[PDB]
Every structure is written in structure tokens, then in C-alpha cells.
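**Student:** Quick one: experimental structure and sequence below.
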Amino acid sequence: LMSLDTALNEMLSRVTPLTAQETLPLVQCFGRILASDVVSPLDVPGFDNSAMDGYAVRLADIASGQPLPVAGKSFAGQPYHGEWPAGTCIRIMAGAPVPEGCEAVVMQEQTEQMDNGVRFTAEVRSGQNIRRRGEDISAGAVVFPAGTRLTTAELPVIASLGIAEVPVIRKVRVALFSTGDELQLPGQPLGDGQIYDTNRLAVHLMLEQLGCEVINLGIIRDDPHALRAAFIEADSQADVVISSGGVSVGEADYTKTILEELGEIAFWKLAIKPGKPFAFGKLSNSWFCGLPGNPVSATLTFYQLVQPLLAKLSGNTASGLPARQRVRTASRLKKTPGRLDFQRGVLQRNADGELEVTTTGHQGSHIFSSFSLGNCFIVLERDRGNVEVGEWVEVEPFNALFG
Amino acid sequence: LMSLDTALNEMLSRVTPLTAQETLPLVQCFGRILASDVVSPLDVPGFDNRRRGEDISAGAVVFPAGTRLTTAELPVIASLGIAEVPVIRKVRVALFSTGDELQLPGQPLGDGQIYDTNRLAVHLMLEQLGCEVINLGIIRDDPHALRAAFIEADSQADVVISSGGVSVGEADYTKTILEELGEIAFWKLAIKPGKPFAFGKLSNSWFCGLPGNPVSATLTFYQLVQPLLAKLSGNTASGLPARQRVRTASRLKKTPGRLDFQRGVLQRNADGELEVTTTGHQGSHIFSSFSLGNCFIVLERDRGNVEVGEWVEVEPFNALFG
């Protein structure tokens, strides 16, 4: 019934980003959200210098058209403190400090050499091939805004400004559990209708690579007091509490009355496949997300719903839903209208060199092998139906969590 | 001179993957290379409905060794009851730089002194690639410091990296130290940004020497060092991080002779097709390219000046940059 776009936008609308912070040294900030605009304590370049390798020159001691010799030499790791008589043209590496009061630099190519000087093989216009102090970064400027996620792009650049640490938002904590006497841990033996608990691992794994703090509480026993106490424990320590399956996502039962008793939580029916059901709302101190028991469903549900929610909570100001490009079906695809279909395909380069998807196989939620063989999602539009080879189709790539 | 493709194949060819292993519970395996084919202890479906074993039949190999394990696979193994699997040990990479010109942060810039950045960047990439980093810091400008470092490093590492400082061709005391502890080539690569790269075998590890310039070093690492670590790690995932074809929404000055790795910004156009746009000045004197950008533009080597509308090769950035 409810639209995905609709459900998402309602979830994130109520959410207030964390602002609690902590200062860490640069080598620990990867994936961390900056909390306070990094401000340049210095100018970059710090000094005035030459973009190119050749000869610094003034237009006063050049006009004559006398090939001037060199008085001295500047280097990037070896500056210059000489004189420069009234007729010289100092040599200098690229990046190396321009002599006090130089008005232009000229690279070897625009000059001939001899036993008396450096005949400048072309004209020379002021400011040429001088990189200026602060031209790349001026002191007191903002280099990276708050809410920026730090990677190898930014952190080394902060290292270039002598800043050994920056404040970042604290990691989001996420409590996790599942429930069902039916659920067993590995190494234990499958009893009657008993099955091995898998959503919890998947979710747990996804949280950690999302840079969250996981509080994995295990399987909870099929007992109200056991569950009531799991929520309470989880709520006091988390920003977000996830049920990876077991707890009601709509169906009536003791777990459903426990949710109602501890929080105001919506139970939606979302117009998507795989999946459909989703529990969401506020507990006393955290947000609750409840996934359905089906592996393929809960993954998808989490990746598309819970994942967005965590981004906003985390203080990241990176707006957008993982890039999503248009491409052709090299396969046929049975789509049933009425539901936004997140099918998996395989994005690859074709004979020509253009990208094209291929289905992975049976798109049923009764096998997980899709996520492995696949390397993207094929977002067939809600009212769309069977797709024929050749058509233009919406395709979202897999992020790190898979590939 | 030397060809990237060439230099790449010549490095991977000499590398023998790690085979040493450890057994870890599923929750700690993310990113880790599986060391032994995961075999199904049971039938899936275990019961019957769509009957027992039609998806996964017992004795059947679910995942081959050399597979990197993510949310795709590890949940599937938890379905078979397996609480832990063997993976190859993390790749130990020892790291340092050298040059008195290098200062540490919080201290003041001396004369020609500058802040050591390559080491940070390299240390960062390594950890996210899931290596084990032995960061030995800044080495003093002394041949004995340097000698002592390579030894210390070689004895803990499968791979030793100098993020800068140690010669990559130019003749000086550190160059002679390399010839003394190892058989290391000094290449000059047909690429931009950059060019110089040192590579070889110490007594007990491979050495990779990046050049001083930040833009050069990051790129050289990403394009040479990174592949090298994947093979070493025992990953059997073959390929050059996906590289698709797309149009320049922008002009791009490209000189022939060198394979140019410029950065642009891949994005959805009005219609709905992917197109690229340059970041700005493609000089190596600034590092803002890796932030604004979100891919590389691999200008074919002999290619020169591109014009708007042309088909151009584009390799998106991985998680190392977003």
C-alpha cells in the first residue's frame, strides 16, 4: 500500500541528527562525520612560488634583451637568500620559492642558453607561472564543512594544514536482537521446525561496515518478560534498536502488545518486492526498526530503509540515494505491477563497451544467492510490467556491503 | 617509458599469494579471503516443500576458496550451521617515510619543511583495504637510520612501503641502501599523474617506493600497490575495478605519450544518461581533485585533447574515496 518514497521521507523527517562529539587523531576518522568546520590555520601554498621549472625574472632587469645569467638558486626544500644583481634570472624548481620581489617565471622551453646568459626565447607577461600564497587555500577559510564524511580525500589535506585531530560525531549505537524458539545458533543442531538465525548476522555485519556501534543481544527467548527486558536494556543504550526478525511486523501476538506498550510504532505495508512489512517508531530513548523474518526481505528492507535512517542520524550531510543510472536489459524480466521491484542483476561491459544488465536467475525470496551473483539492483518502476530485452531500466549498484 | 599495463603484469607475475590461515567466527570475516571451499554440511532446503536439497545439496561447494566474504555470503554460511570458517591471514604492510623536511602536526613548519601527508593517506588506504599496518613513522636522514628501518620493516612485513623520501630513481644514499638490501627496479611509467616508481624484493618482503608528490603517490598506490595487495591477499576476484564508457560534458587537455588519470565527476544528465565533467585544474600541485571528483578519466595514452561529446573511459572511485 504505502509508497517507499513516502515511507522513507516520513522516517527521516522525524529524525534529528546526533551532535554529540569527540576528538580523534586523523588516522581514526575514516568514515567519521566532521562535526566542526575545519578552518585553515595557514595559507596554501604557504609561500609564493613557481608553477613551472625554469627561470624567475623581473621586467625591469629583462627589457634590454640582454641574456641575463643566474645569480643564485631556489629549491622546494632549499630556499634562496642572495642578492640578485641588476641583471639576473634565478633558476628554480616547480613548487620552489619565488625570489623576494619576482614579477614572472619562464620555463626552459621559452629560453636559449650560452656562456654569458639566458636568452629568453619568447615574450613574458606578468604573473605567469607564479602560484600565489593562499591561491589554493586562504587562512581562516573553510576547507571542509561539518557533516562531511572523511576519507583519503580529506584527511591527508587536513594533515597538510598541521591539524593532528578534528572533532567528529560519536558513532551511532545500534542494539540488535532476534526472537523465536525456532531460531538456533550454528553448531547447535536443527530440531523440529528449528532453523539457523541469519538475519541477525547479516544486519550485524551491515551495521559494522556502516561504522555503527553494534550491541548484538542475541536470540531472545519466546517469553514476554524476556522480550520486555530485552527492549528496555536495548533502549537505554541505543539510539536505534533493530529486531532482525521475530518481533511482530503487524501480525497480532504478545510481541505486538509489547511494542505498543513501550513505544509509538507504525506497522507499514510497503509497496515493494522483495518484502512488504515494516515496523517503525519511537521508543523512550531510541528509534525502533523491525524487519520481517524472510532473509531476502530483511536485507532489502534494511538496505533501503534502515540504512538511510542511519545516515541522517550519523550527521552525514551527503544527500542522495546511492547513485542510480539507466541502462539496457540484456535479459527479460517478469515484473508484476503494483509494487516497486528491487530485483538483482549483473551490470557488465558489452561487446561495444556500453553497460548492460542481465538478471541473476529466479528472483524469489526463497534463495539468497542473488546477492552474490548480482552486483546491482534493478529498480523496476511500481506500475511497470514484464520487461523485454532492449528496454531502458533503472539500475542501482551494490555498495561495499556486498561489492 | 614503461607501460602501466606492462608494469602491472610484471609485478603480479612475481607475487605468490598468502596461504597461511586462521579460523574466525563469521562475524569477523567481512572482507576476509576464504582459505578452504565452504562445503554444505546439509541440504537446502533441509526439509522439503520444492524438495530437500534442490537449492544447496549436501557435499556441494557453496563458496570456493579465494572468495571475499560480505553480506552476500556470510549469511548464507550461517544458514548451513557453520559458526566459523578459515580465512587467509591479513596482509602485513610496513610503512614509513623519510626526509628532515618532514614535520609532524602540532609542531611548527621550519624552513623548507612541510607536513608529511603521503604516509597518512597510505596508512589510511591500507587499513580500509584490510591490511595490518606497521607504521614506523619518519626515518631520520641517516643511512643507518634507514638501514635499520628496512631491516626492522622487512622482518615484520609481506610488503614494505615508503610513502616518500627514499629514492625512486634519483641517486643518493637511500638509493644505494636499496641496491644493498634488495633487488629493486626503478621504473619510469608512462602515466600521469606521476611517473617514478620503485619495486622489488627484499629478503622477506616486496618493497614499493612511491615518489614524494601527494597526487602522484596516492594514484601510484591506488593503481599499482592496491592490485598487488589483492593478489597477495589470496582474493581470486579478477579484474580492474569496473571501467565503463561515457561522454565528456567537458573539454580536457591531454598530451599524448602518457596514460592520463584525470579525475572528473560522473553524474546523471537531463535525459538520464551518465556523463562526466572535469574537476578543475588537473595539476598535481593540489589535492582537491579526489574530493570533488568521484571517478578517474582514463585518457588513452596516445589520445590528446578531447572535446565535448566524445566517448571517454571512466573508472569510478572505490570506498577509499567515497
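**Tutor:** Sure thing, it's come through. Numbers count the residues shown, from 1 in each chain, chains lettered A, B, ... in the order given.
**Student:** Count residues in the vicinity of residue A:272, would you?
**Tutor:** Number of residues near residue A:272 (other C-beta atoms under 10 Å in any protein chain shown) recorded here: 23. All C-beta spots, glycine's among them, are computed from the backbone N, C-alpha and C.
**Student:** Now do the helices in chain A.
**Tutor:** According to DSSP state H, chain A carries its helices in the segments A:4-13, A:155-159, A:199-209, A:224-237, A:254-262, A:295-301, A:307-313, A:370-373.
**Student:** can you list those helices in a markdown table and add mean neighbour count and distance to residue A:269?
**Tutor:** Shown next, in a markdown table, are the helices of chain A (neighbours: other C-beta atoms under 10 Å in any protein chain shown; distance: least, C-beta to C-beta, whole Å):
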| stretch | mean neighbour count | distance to residue A:269 |
| --- | --- | --- |
| helix A:4-13 | 15 | 10 |
| helix A:155-159 | 24 | 44 |
| helix A:199-209 | 24 | 19 |
| helix A:224-237 | 17 | 23 |
| helix A:254-262 | 16 | 15 |
| helix A:295-301 | 25 | 12 |
| helix A:307-313 | 19 | 18 |
| helix A:370-373 | 21 | 23 |
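**Student:** In TSV, list these along with distance to residue A:90.
**Tutor:** TSV is the format used below for the helices of chain A (distance: least, C-beta to C-beta, whole Å):
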stretch	distance to residue A:90
helix A:4-13	59
helix A:155-159	31
helix A:199-209	54
helix A:224-237	65
helix A:254-262	76
helix A:295-301	65
helix A:307-313	53
helix A:370-373	63
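**Student:** Correct me if wrong: residue A:83 contacts residue A:99.
**Tutor:** No. Between residue A:83 and residue A:99 there is no contact under C-beta atoms under 8 Å: 9.8 Å.
**Student:** Show the contacting residues for the residue positioned nearest the centre of chain A.
**Tutor:** Among the residues of chain A, the one closest to the centroid is residue A:149, at 6.6 Å (C-alpha atoms, centre = their mean). Residue A:149 is in contact with A:31-34, A:316, A:318, B:322, counting by C-beta atoms under 8 Å, 6 or more residues apart in numbering or on different chains.
**Student:** try it again with 6 Å
**Tutor:** The contact partners of residue A:149, taken as C-beta atoms under 6 Å, 6 or more residues apart in numbering or on different chains, are A:33, A:316.
**Student:** If it is in a bridge, with which residues?
**Tutor:** residue A:33 (DSSP bridges).
**Student:** And residue A:342, by the same measure?
**Tutor:** Applying DSSP bridges, one finds that residue A:342 bridges with residue A:379.
**Student:** Can you give me the neighbour number for it?
**Tutor:** With other C-beta under 10 Å as criterion, residue A:342 counts 21.
**Student:** The one 10 residues further on too?
**Tutor:** Residue A:352 has 8 neighbouring residues, counting by other C-beta under 10 Å.
**Student:** Near chain B, which residues of the stretch 301-403 of chain A are found?
**Tutor:** Near chain B, the residues belonging to the stretch 301-403 of chain A are A:325-326, A:353, A:355, A:367-368, A:371-372, A:400-402 when assessed by C-beta under 6 Å from any C-beta of the partner chain.
**Student:** meant to ask about chain A
**Tutor:** A:27, A:30, A:77-79, A:136, A:151-153, A:156-157, A:159-160, A:162, A:164, A:186-187, A:196, A:198, A:201-202, A:205-206, A:325-326, A:353, A:355, A:367-368, A:371-372, A:400-402.
**Student:** In strands, which of those fall?
**Tutor:** Counted as lying in strands by DSSP state E, out of the residues of chain A next to chain B, are A:196, A:325-326, A:355.
**Student:** Tell me which two in these are the farthest apart.
**Tutor:** Farthest apart among these by C-beta to C-beta are A:196 and A:326. That separation is 39.2 Å.
**Student:** which of those two has more neighbours?
**Tutor:** Neighbour count, other C-beta under 10 Å: between residue A:196 and residue A:326, residue A:196 has more, with 23 against 15.
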